[PDB]
Amino acid sequence: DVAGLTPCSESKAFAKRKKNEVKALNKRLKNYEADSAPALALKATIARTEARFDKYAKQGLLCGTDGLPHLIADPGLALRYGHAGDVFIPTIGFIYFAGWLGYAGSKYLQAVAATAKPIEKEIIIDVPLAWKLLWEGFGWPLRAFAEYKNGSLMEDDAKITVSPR
Amino acid sequence: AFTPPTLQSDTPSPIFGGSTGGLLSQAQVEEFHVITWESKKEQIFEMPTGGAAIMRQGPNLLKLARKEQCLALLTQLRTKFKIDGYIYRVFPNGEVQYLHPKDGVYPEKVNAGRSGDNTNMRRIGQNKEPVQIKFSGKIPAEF
Amino acid sequence: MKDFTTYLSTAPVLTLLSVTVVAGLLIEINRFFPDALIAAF
Amino acid sequence: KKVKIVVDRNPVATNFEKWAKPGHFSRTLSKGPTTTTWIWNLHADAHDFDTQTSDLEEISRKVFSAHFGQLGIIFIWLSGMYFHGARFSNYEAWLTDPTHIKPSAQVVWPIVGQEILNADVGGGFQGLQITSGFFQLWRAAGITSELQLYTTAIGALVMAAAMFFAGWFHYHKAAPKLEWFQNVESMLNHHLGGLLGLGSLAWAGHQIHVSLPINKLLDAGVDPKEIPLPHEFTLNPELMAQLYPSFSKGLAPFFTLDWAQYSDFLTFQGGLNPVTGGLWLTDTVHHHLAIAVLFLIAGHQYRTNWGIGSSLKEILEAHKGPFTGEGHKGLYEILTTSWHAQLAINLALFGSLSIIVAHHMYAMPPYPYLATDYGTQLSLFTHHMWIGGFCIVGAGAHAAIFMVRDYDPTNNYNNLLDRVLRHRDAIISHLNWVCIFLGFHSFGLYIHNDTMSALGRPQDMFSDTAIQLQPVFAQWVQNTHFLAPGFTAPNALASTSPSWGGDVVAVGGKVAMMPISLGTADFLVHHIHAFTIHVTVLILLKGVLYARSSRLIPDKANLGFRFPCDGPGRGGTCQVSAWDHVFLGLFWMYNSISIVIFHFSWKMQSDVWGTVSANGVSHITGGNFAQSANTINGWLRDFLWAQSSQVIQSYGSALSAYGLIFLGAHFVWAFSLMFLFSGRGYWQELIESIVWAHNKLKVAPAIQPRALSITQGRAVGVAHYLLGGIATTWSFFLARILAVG
Amino acid sequence: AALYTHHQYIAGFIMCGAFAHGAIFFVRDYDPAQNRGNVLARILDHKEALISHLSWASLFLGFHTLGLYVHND
Amino acid sequence: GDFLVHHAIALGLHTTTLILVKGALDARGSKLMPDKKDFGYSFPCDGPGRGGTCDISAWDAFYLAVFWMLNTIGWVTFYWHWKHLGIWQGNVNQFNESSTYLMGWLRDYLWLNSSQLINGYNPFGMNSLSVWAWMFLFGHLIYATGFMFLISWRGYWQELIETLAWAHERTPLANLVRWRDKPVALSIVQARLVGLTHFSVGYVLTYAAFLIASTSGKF
Ligand code: CLA
Ligand code: CLA
Ligand code: CLA
Ligand code: CLA
Ligand code: CLA
Ligand code: CLA
Ligand SMILES: CC1=C(/C=C/C(C)=C\C=C\C(C)=C\C=C\C=C(C)\C=C\C=C(C)\C=C\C2=C(C)CCCC2(C)C)C(C)(C)CCC1
Ligand SMILES: CC1=C(C/C=C(\C)CCC[C@H](C)CCC[C@H](C)CCCC(C)C)C(=O)c2ccccc2C1=O
Ligand code: SF4
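Protein chains in written order, with the entry's author numbering: chain A, 318 to 482; chain B, 188 to 330; chain C, 20 to 60; chain D, 11 to 751; chain E, 370 to 442; chain F, 516 to 734.
(1) Assuming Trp224 of chain B is part of the alpha helix (DSSP H), what are its boundary residues?
(2) If you measure from the CB of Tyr692 of chain D, is any heavy atom of ligand 1 nearer than 8 Å?
(3) Starting from the C-beta of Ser75 of chain D, find all residues in its chain whose C-beta is less than 7 Å away, skip the five residues before and the five after it, and write them out in chain order.
(4) Counting only C-beta atoms, is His376 of chain E closer than 9 Å to chain D at any point?
(5) Since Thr621 of chain D is in the beta strand (DSSP E), which residue starts that stretch and which ends it?
(6) Starting from the beta carbon of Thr190 of chain B, find every residue of chain F whose beta carbon is closer than 9 Å, and list them in chain order.
(7) Checking 9 Å against the spacing of the C-beta atoms, do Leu260 of chain B and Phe219 of chain B come in under that value?
(8) Specify, as a first and last residue, the run of the beta strand (DSSP E) that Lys520 of chain D falls within.
(9) What does the alpha-carbon distance come out to for the pair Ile549 of chain D and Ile666 of chain F?
(10) Under a Cβ-count criterion, where at least 16 other Cβ atoms within 10 Å of its own Cβ denotes burial, should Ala624 of chain D be classed as buried or exposed?
(11) Need the endpoints of the beta strand (DSSP E) that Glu236 of chain D sits in, please.
(12) Could you have a look at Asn637 of chain F and say whether DSSP puts it in helix, strand or coil?
(13) For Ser560 of chain D versus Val586 of chain D, is the C-beta spacing smaller than 9 Å?
(14) Can you give, in chain order, each stretch of the alpha helix (DSSP H) that sits fully within the segment 384-454 of chain D and has at least 4 residues?
(15) Please check if any C-beta of chain B sits within less than 9 Å of the C-beta of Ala392 of chain E.
(16) With a CB to CB cut of under 7 Å and the five nearest residues on each side skipped, what residues in its chain are close to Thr198 of chain B?
(17) Of all the CB atoms in chain D, is at least one closer than 9 Å to the CB of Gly312 of chain B?
(18) Rounded to the nearest angstrom, what separates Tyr465 of chain A and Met471 of chain A at their Cα positions?
(19) In whole angstroms, what is the alpha-carbon distance linking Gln136 of chain D and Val117 of chain D?
(20) Indicate the three-state DSSP secondary structure (helix, strand or coil) for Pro246 of chain B in the structure shown.
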């Protein structure tokens with residue numbers, strides 16, 4: 318109970334929603350024979366729905382007035398109440414992966430900028446170099462922090478074009 | 188010194204069937220332009236008002252609503268036919284003003300003896316700020 | 020096959036293959052790990 | 011002189027070296043992409059062969075091989091449709107019960123909850139309900155087997171491989187010369203007879219030996235499993251004589267010209283088959299045979315390698331009258347030497363053909379059980395309408411392109427092209443006046459009706475119950491068609507379509523086709539259609555006529571067909587090019603076709619489609635067109651709000667994909683408004699600020715990012731606008747017609 | 370509802386007018402000589418940073434709000 | 516749903532501020548047009564040179580930002596009206612589980628509350644809500660008439676006006692009268708302003724009609 322929300326393990330409307338979904342899928346079932354391919358497909362869909370609802374009740378999600386999971390996007394409020402996987406852990410995951418992709422692209426730009434024809438290397442991508450830099454970009458946070466402390470990550474303003482005010 | 192050529196009024200016109208893009212009501216009460224050129228053979232050209240016309244051997248006379256039409260015809264004569272021409276500005280009261288080849292040679296070639304007006308001796312960024320010319324009826328670039 | 024591999028290294032071929040492999044990886048992730056609302060470890 | 015095959019042995023080497031370097035085809039794309047404008051221009055000029063080479067021979071060879079590649083793509087598409095009908099379809103189940111089982115030929119993989127899109131179509135099958143009508147076409151052809159669809163898919167894959175091999179062979183091994191492409195006499199003689207005539211004759215042969223017996227057994231009522239295979243119907247005339255007794259005497263009455271004995275399978279009744287609601291297949295056989303004979307006769311008009319025949323140039327140059335000067339002098343040369351003029355003519359007649367197809371296929375269905383499936387009917391009509399309108403706009407575009415590039419005033423003196431160009435102001439002014447008059451007397455009638463309804467004066471609005479505006483000419487034409495059999499059509503046992511008049515054709519409890527009555531609302535919407543068509547014609551014709559020159563800009567031909575403007579001078583010359591006229595005509599065609607398909611859907615949901623109850627017909631919307639389609643609030647409420655409840659409440663069902671696309675297309679349409687309303691300078695300056703941000707972190711691309719060009723922005727905006735609007739209408743139509751019917 | 374919507378639309382129009390008149394003051398009444406080193410010249414000096422960060426914030430908000438809405442749809 | 520619509524409002528404010536601030540700061544000059552301060556606050560363009568200079572003045576940035584202001588205030592007032600419609604009916608749930616996804620916004624708010632509005636007049640009669648139905652269709656008409664000036668630009672219209680001037684200058688029985696002022700197409704800035712004015716008028720009239728009809732007809 319972090320903001321007037323109840324856990325979906327004990328909230329009644331979550332179970333009501335699960336029952337309604339399973340009942341609708343059973344209403345879909347009650348038209349085919351037991352061993353037909355549509356019957357197997359609907360049975361798989363039912364199993365997936367029950368597994369999803371049981372997993373959501375297991376993971377400790379919060380449900381509001383009705384049975385819909387709510388996520389917490391405050392560190393501390395999610396850390397001490399055990400919901401860091403709602404926003405905080407995916408925040409760290411996205412920051413890592415986006416930094417990996419962006420650092421790989423950046424290093425490709427600075428690697429092909431000092432070649433004979435940097436114009437050609439951006440439509441005709443050197444695949445081994447791109448693969449190597451994509452691998453090297455997995456250590457993007459340490460490399461980026463090192464280049465920031467070295468001062469080689471940013472460019473001086475006196476070497477950057479601006480408009481004449 | 189150079190003298191402008193006179194507009195010989197009794198000059199033959201190119202063969203043409205009659206267009207809808209020709210002269211209008213502006214010609215009677217403001218102005219209509221005219222272009223004169225010398226052609227070495229009977230051949231077909233394109234009118235600025237639409238359609239095809241045949242200019243005849245010798246002098247050819249064509250009047251047009253605007254000066255831009257006259258220069259379009261002159262430049263297509265100069266490119267696709269290598270033919271020079273003269274453009275005149277004809278007022279409805281009777282006065283005729285010579286126009287494009289004003290000093291004989293074309294404006295893209297120097298003549299030594301022209302007026303070099305509207306030529307500022309500064310850069311683009313050396314104009315005055317608009318606040319320093321505030322409430323004057325002039326743009327910063329004509330100071 | 021140098022020219023053929025250069026064509027394969029051209030920007031549209033590489034971006035289509037890259038979005039194809041990324042989309043396929045994400046699709047198989049959702050196939051084996053469906054309905055992952057949160058990063059519950 | 012002397013039509014013959016001339017080719018060049020091995021003109022272009024086959025290798026991958028130009029695949030490595032994009033932009034090789036044009037000189038202006040050389041020396042690398044200095045900006046992203048190079049990237050956009052590379053796709054912009056990929057098919058502009060005039061800017062690639064100056065030789066008409068190389069352009070013709072490129073066009074020929076591009077046609078072969080397009081044919082290969084179409085064959086791949088057909089193979090895919092037949093393969094999906096074979097493997098992932100309920101076609102055999104649908105054949106047993108076509109009245110109740112909804113056709114489906116595409117299934118989805120259960121990945122992210124998307125298995126809900128697999129509908130309960132019937133026959134123990136789950137899949138997306140298709141609206142393309144392949145099931146009806148296959149039943150008309152007499153398939154009734156899964157293996158035959160797979161065999162056709164394999165054959166179409168083989169034909170696609172053949173098309174691609176032909177294109178490679180005719181660009182790289184034996185490329186035809188320029189004079190081969192200019193044999194228009196031989197090309198017409200072979201397309202009239204050997205393509206269209208022989209194709210119609212071959213389809214008549216198939217229909218005789220395959221479609222007639224199998225569909226006859228299906229109509230009499232037989233499970234398709236025990237129906238004899240098509241070959242054994244073709245193999246001996248015994249079974250054929252059991253089904254059509256005229257086959258007992260064979261080909262003897264044909265060669266002795268006693269053709270009246272073939273009247274059991276070469277018929278002429280008209281109307282529809284009451285079992286299926288489609289046309290009589292014997293009537294289609296007779297039609298195909300007659301038009302095949304007509305086309306094979308038409309294929310001997312033109313002179314080739316022998317003295318018989320008439321030359322196209324001779325027929326053209328002799329059609330000169332006093333009002334037109336030289337007449338058709340120069341038309342043969344500007345059509346045998348310019349591809350864009352032929353493209354304009356062919357695109358115009360092709361789009362008109364597609365529209366005529368849409369009309370003739372709703373009016374009177376040619377396939378069994380096509381009328382009863384309202385979904386495929388509405389989808390087919392709307393699809394062909396949109397294809398026709400697009401092709402017509404492209405015709406205007408390529409006429410403008412020919413006027414800019416391939417128009418030479420030397421060989422076009424005082425001819426019809428010159429005569430039209432010399433009085434373009436009259437034509438454009440008069441079309442402008444017609445457009446204004448039609449806009450007033452169509453839209454202002456609706457506005458007057460709105461005002462009188464909102465003022466509480468229903469007696470003063472234009473309606474059937476007040477001030478009548480009856481389509482008397484159209485109603486009398488319907489009467490003439492209805493009274494045609496037995497009078498002006500003595501050999502017809504029924505009218506061509508039930509739309510003219512007569513009894514309601516009902517198949518499986520649903521109306522196949524019933525008479526359509528025209529009232530005041532139909533009058534108003536037909537005048538709206540005329541107004542929209544006239545304005546689209548005005549824009550396209552104005553672009554074509556003023557592409558060369560103008561009073562405002564006398565040298566527009568120098569600036570080209572596709573240029574943004576000629577500066578802010580002369581008050582402003584934005585969108586003066588013929589390209590921008592095509593750009594505006596695209597929106598106007600969109601408006602026109604949208605109103606046409608809205609009228610179609612409302613009119614047949616209100617007065618045609620419905621169920622029978624042995625005491626009347628219960629229409630889908632209940633006759634609301636006659637009292638609400640004369641008012642804009644009626645269109646907004648009784649059609650555009652009432653029928654929209656099916657697509658917005660489609661979440662959680664099989665139509666949830668249509669519901670999602672209904673919103674995504676709104677998003678795309680409003681996304682177009684960015685490109686349509688804004689201008690390049692703002693985006694360029696914003697990109698400058700972003701480039702500063704990239705320079706600060708050393709992540710500046712060597713290829714300089716530029717804002718989209720003005721023509722680029724207009725093209726992106728119009729593409730997104732038309733895509734969003736058409737997809738919104740498509741999702742709405744399909745969800746509404748698949749949820750109710 | 371009418372009062373709220375009226376005042377909100379009036380506020381939006383008036384704020385656009387405020388920014389338009391600020392642009393006019395930069396075009397017309399801005400003197401770089403007497404505004405040399407002060408906060409106006411400072412904010413004009415690094416205007417690329419301001420515009421780029423507004424672009425980043427708008428891009429982030431549009432991406433994330435639209436993505437969440439479409440995922441929910 | 517309040518979270519999502521608050522981020523929508525934040526996006527609207529941020530983008531409108533972006534356009535307006537960029538127009539102010541680039542008003543004196545940019546890299547595409549360094550001497551923009553000499554040309555004034557409002558001008559059409561700088562011609563098709565340098566790749567194209569459409570909508571380059573600060574006036575054009577204000578012009579683009581008015582659309583974003585209208586969209587932002589539309590989001591704000593849609594949020595307010597739907598929330599209070601849920602409150603006044605006693606059904607806060609309709610907003611609570613329908614504002615989190617956009618189909619709920621389209622169906623449970625725009626489609627649902629417009630039922631009494633579009634029935635202000637019908638073939639069966641009319642009532643007091645007819646004025647708001649007429650204003651609804653009126654605002655739609657003004658909005659699309661704005662789109663007319665927004666999409667089409669000055670050049671097609673100038674040629675058309677020249678053609679009609681040719682028509683009138685030599686139509687019999689109408690050559691007796693002539694224009695004192697030469698008919699010309701609207702200038703680029705002028706027609707941008709006209710399209711923006713029609714856009715704003717149609718926006719405001721349409722939403723005022725819908726809001727007043729859907730609240731007064733229901734309460
Ligand atoms: C890997 C290349 C790369 C990198 C490192 C950056 C980095 C940055 N961009 Mg940028 N951008 C890129 C590509 C890149 N961009 C491309 C291709 C486009 C055109 C679509 C843009 C368009 C763009 C805009 C309009 C803006 C930024 C902005 C920014 C800054 C804000 C952070 C951000 O992520 O914004 C968001 C970035 C994007 C939305 C574009 C991401 C597109 C993909 C994911 C990146 C390309 C991947 C590349 C091909 C990988 C190559 C791998 C290599 C081994 C070959 C930041 C420093 C903002 C800014 O100025 O902040 C102040 C801003 O307004 N970018
Ligand atoms: C009876 C002879 C005949 C036939 C049947 C065709 C048929 C066709 N021609 Mg062709 N043509 C012919 C004679 C013929 N032509 C002659 C004599 C000339 C010289 C004047 C040309 C010059 C010509 C040009 C320049 C073009 C065509 C094109 C086309 C295609 C039209 C587009 C389409 O999609 O149609 C419908 C599609 C089909 C009916 C699919 C069936 C395709 C099969 C393979 C047709 C086989 C007929 C072929 C002539 C047989 C000889 C080739 C053999 C060695 C395999 C079409 C298949 C256009 C095209 O698309 O290029 C490919 C086009 O560009 N023709
Ligand atoms: C038989 C049909 C046909 C043919 C052969 C041509 C051929 C040609 N056209 Mg044309 N045209 C046609 C029909 C046709 N057109 C139609 C129907 C229209 C109306 C829309 C037009 C309107 C048109 C214009 C306005 C122009 C041409 C131009 C051209 C020339 C260059 C094309 C090019 O390379 O640009 C590039 C082609 C592309 C970049 C392909 C992409 C185009 C769009 C983006 C595809 C649409 C998206 C598609 C529906 C997928 C949507 C789903 C998506 C979400 C993935 C070329 C000779 C251009 C020219 O300069 O003439 C000399 C010119 O500007 N055409
Ligand atoms: C709903 C918005 C809208 C409206 C009303 C119009 C209206 C018009 N367009 Mg247009 N257009 C639009 C959107 C719109 N367009 C958009 C978005 C685009 C971008 C693609 C275009 C692009 C476009 C082009 C390219 C062209 C037009 C043309 C025309 C005119 C055709 C003449 C006519 O219809 O006769 C009658 C007029 C009407 C039906 C308008 C409504 C008049 C009402 C019904 C009656 C008048 C009574 C009046 C209100 C009483 C006065 C009251 C007093 C107090 C003022 C017409 C005025 C064409 C043209 O110039 O003329 C041929 C032209 O070529 N439009
Ligand atoms: C205290 C408020 C205030 C004041 C004193 C000014 C004063 C001024 N403004 Mg400004 N402005 C304001 C607020 C204000 N503004 C607001 C709120 C906006 C946002 C909309 C603007 C946006 C704006 C722009 C973009 C420009 C000015 C300009 C100007 C200057 C010249 C005015 C002009 O162009 O002539 C008179 C103005 C008009 C006649 C307005 C035109 C009429 C409008 C657009 C149509 C209204 C139609 C109506 C709503 C229809 C009714 C609907 C019904 C029929 C259904 C002037 C010093 C111009 C300038 O500085 O020159 C460089 C300039 O271009 N203003
Ligand atoms: C529905 C209409 C619409 C939409 C979606 C946008 C969206 C946007 N506008 Mg815009 N605007 C509009 C209408 C619209 N506008 C109108 C009518 C005007 C008046 C002319 C303006 C005027 C305007 C100005 C003046 C500016 C913007 C800016 C922006 C960008 C702000 C950044 C952002 O929020 O990131 C959100 C991103 C999106 C909403 C794009 C959607 C995400 C895509 C679909 C993901 C890609 C997936 C897939 C690959 C799509 C391709 C499919 C294909 C390959 C088949 C953004 C892309 C500002 C800007 O450039 O920011 C820096 C800017 O200055 N707008
Ligand atoms: C939370 C709260 C608080 C606090 C507060 C604060 C801290 C403050 C503030 C405030 C603010 C912060 C406000 C504001 C706003 C703003 C705005 C709205 C803006 C603006 C600007 C502009 C619009 C500009 C213009 C211009 C230009 C454009 C250029 C030139 C110059 C000029 C200026 C003209 C308290 C506790 C006390 C109480 C409760 C609540
Ligand atoms: C937004 C906008 C821009 C900016 C547009 C840009 C910079 C193009 C952005 C394209 C990016 C770089 C690629 C995005 C790729 C997408 C993921 C998918 C795009 C679809 C392709 C596959 C075709 C203009 O340049 C412009 C010019 C003239 C009038 C209006 C406008 C205009 O509205
Ligand atoms: S606004 Fe754009 S299209 Fe119009 S004249 Fe200026 S540069 Fe050309």
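We treat Cβ as the ideally placed atom computed from N, Cα and C, and that holds for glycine.
Let me spell this out:
(1) Per DSSP, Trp224 of chain B belongs to no alpha helix (DSSP H); it is in the beta strand (DSSP E), 219-226.
(2) Flag unset: Cβ of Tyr692 of chain D not near ligand 1.
(3) Non-local C-beta neighbours of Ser75 of chain D in its own chain, meaning closer than 7 Å and more than five positions away in sequence, comprise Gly177, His180, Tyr181, ordered along the chain.
(4) Answer no: the Cβ-Cβ gap between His376 of chain E and chain D never drops below 9 Å.
(5) For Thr621 of chain D, the enclosing beta strand (DSSP E) starts and ends at 620-622.
(6) Here the premise fails: no neighbours, minimum Cβ distance about 36 Å.
(7) By the CB criterion at 9 Å, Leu260 of chain B and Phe219 of chain B fall outside the cutoff.
(8) Per DSSP, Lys520 of chain D is one residue of the beta strand (DSSP E) stretching across 520-523.
(9) Cα to Cα, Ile549 of chain D sits roughly 14 Å from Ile666 of chain F.
(10) Exposed: under 16 other Cβ atoms inside 10 Å.
(11) From DSSP, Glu236 of chain D is part of no beta strand (DSSP E); its letter is neither H nor E.
(12) Residue state for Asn637 of chain F is assigned as strand, using DSSP reduced to three classes.
(13) With contacts defined as CB atoms closer than 9 Å, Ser560 of chain D and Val586 of chain D qualify as a contacting pair.
(14) Runs of the alpha helix (DSSP H) lying entirely within the segment 384-454 of chain D, each at least 4 residues long, are 384-414, 426-431, 434-449 in chain order.
(15) At least 9 Å separates the CB of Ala392 of chain E from every CB of chain B.
(16) Cβ within range, chain order: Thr223, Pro246, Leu248.
(17) No - not a single Cβ of chain D is within 9 Å of the one on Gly312 of chain B.
(18) Cα-Cα distance, rounded: 7 Å.
(19) Looking at the two C-alpha atoms, the distance is approximately 7 Å.
(20) Reduced to three states, the DSSP call for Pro246 of chain B is strand.
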